[PDB]
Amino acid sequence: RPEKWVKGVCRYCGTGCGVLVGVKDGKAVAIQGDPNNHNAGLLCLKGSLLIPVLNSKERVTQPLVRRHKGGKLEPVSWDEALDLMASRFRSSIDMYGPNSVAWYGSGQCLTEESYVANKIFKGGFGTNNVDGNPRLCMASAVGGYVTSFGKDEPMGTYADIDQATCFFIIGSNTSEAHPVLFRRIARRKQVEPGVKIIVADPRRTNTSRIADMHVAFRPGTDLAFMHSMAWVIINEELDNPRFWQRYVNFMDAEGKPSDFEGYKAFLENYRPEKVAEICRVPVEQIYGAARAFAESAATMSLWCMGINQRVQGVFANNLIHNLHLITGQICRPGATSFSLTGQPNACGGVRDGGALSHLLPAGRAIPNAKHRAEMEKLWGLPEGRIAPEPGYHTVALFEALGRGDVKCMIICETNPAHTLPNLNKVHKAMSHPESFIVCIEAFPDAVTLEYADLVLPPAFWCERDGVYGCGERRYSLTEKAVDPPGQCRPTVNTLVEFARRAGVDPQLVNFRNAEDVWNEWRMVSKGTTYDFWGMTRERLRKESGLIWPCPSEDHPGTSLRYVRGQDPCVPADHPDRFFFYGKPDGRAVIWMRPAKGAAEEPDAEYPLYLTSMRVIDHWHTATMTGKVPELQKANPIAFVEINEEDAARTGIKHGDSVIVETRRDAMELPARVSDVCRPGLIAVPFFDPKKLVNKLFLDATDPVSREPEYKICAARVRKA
């Protein structure tokens, strides 16, 4: 049937599988995996069933206004809408200044979209109030990498999976969250059965079903566990002194310079027999974890939300790196510290392009006077135009919306009224009578649209062109396969017309399409350690993604960052084979972080840990996966997971209707009793819009990354 195959990227997870979308007569009819991308032709079922979502008629295809708060959404023209948008933002600014205005974006936006909004607000309007949902996700992985290595992003690649002989998979349901990457790990263990897999997770998930050891520790005690692993490694003389002596520095519990002995002495508080009681695991689990890690030829750590969605999130990341730094399981094939990114483009679009409140493009920081000036030069701005202090991070943002400090917001390609924590607070805030909320949303069933005053019809996925950078440093292009339905426009063009109508200088948004913003972004990255100037449209069009740094058109891309002769940011004549160039002395850092717990720990009143999690069939709020009937049959509705032992003595049977209750709300859900949750933990999924679980969660944040702790709060269960 297809007359034509069009190269692109899977719309869903940060595995970043390349696709070929097959079209006939301007209509998509088939999809398959791109044989030349890292995924080597393969897709998971969500991926293979993207054509029904592309072809869905349940779309926002014309602009919409709500004339009054609580009113009905009515058709409006593009010009009226665009004029309503420009004048509201413009004059909010005229009245209250730049900071009364905000951008809430997404790691699902095209890099070019995020790049342009980041420039309108930070260079156009003079506010740093630009954030987005990677704050809710990767913020802790950004703090971990920066503090340990001085730069963001992994130093290795997905190819490293094919060469690890040990996998330490922690706070990660890879099976369900990163399905085609879970298959590469499983394929590795199968080509080489001597490969060891440690899954460190309070829940017993399908990821543990390929594991040699499933460590089901008490929620919040993984920092103690990983300090204990370090103790075992140094105790049994399994460290790499040649490496940590030449390439590592040590910072004690009070954050002061230290040394190996200082490290040894701090770790003495983390003896296996002590920590086993704390973690609630058998003591031999620490020794065997530690041993598999240090003793193996090449060890890869992989982690996701169980580590990051924590108030001790950045410290938890530093602890995985402490493990690689102490053993030298880094900077060589198969051995690496590898944070899993969840979204298709948290990495390229918003992390790398600094579309967060405290950051500037391509490794730059807003408090750094020199960076500001060097962005002002590159964007052709007045001096002092970029504000010196960071805008609102996401929790602070929506607190300000409620206070009325932020009066205008664009919410783009995210669903904050379903996915922000402590939703009774958030809903309150989003219903401020004097807020003007603009939503750019493809799907009319997004629960956020209920708060929207203006709704814009956006071109969806491969209805336009753009770049996604996935978790591997690979930036891949999606070309346009089909026309947008109705009056849907690409968000890049929408953002330029808005900017212009709002008096933004025409030089600032001098883009006719995404290719032009790409060429400008290529320049903003040139000479930095993200340098991807060689990644021209022409070769993104032909290659199946390039991996950065990629500094010239004859550069292949970079696999091993910080390795001499591999990474172009390491000078060929550098005295040393590694160079952790994000730190002033080229050494990476071990941090001796105090192990603590959740912001809301269980107690007599609320004796249970409660967690939230991914299920395989659904993507977040289900506005997309919910349109594929195949993906409903297994998981149509929300449920609560309960431990067998816990349920056996609370008198709860399987499929009993139970009430889950925290300090913030109470919710009725069908119970699902099994060994999946360790004794003392319950778990809810967050896809069902009729069961808004983030009503139950606290929104306490990590004080460095400002990532919320969606992963732990205290709860109790009673039969309904």
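When you see a residue number, it is the position in the sequence shown, counting from 1.
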Please compare 648-656 with 669-677 and say which has the higher mean C-alpha temperature factor in the record. 648-656
On average, are the C-alpha B-factors higher in 254-262 or in 136-144? 254-262
Listed options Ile326, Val509, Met226, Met95: highest C-alpha B factor recorded at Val509
If you check the C-alpha B-factor for each of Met523, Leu420, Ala164, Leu181 in the entry, which is highest? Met523
According to the PDB entry, is the CA B factor of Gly41 in the bottom, middle or top third of its chain, that is, lowest, middle or highest? lowest
Within this chain's modelled residues, let me know which third the CA B factor of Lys690 belongs to: lowest, middle or highest. middle
Assert third(CA B-factor, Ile366) within chain per record equals highest
How does the C-alpha B factor of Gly18 compare with the rest of the chain: lowest, middle or highest third? lowest
Sorting by Cα B-factor within the chain, modelled residues only, which third would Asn345 end up in: lowest, middle or highest? lowest
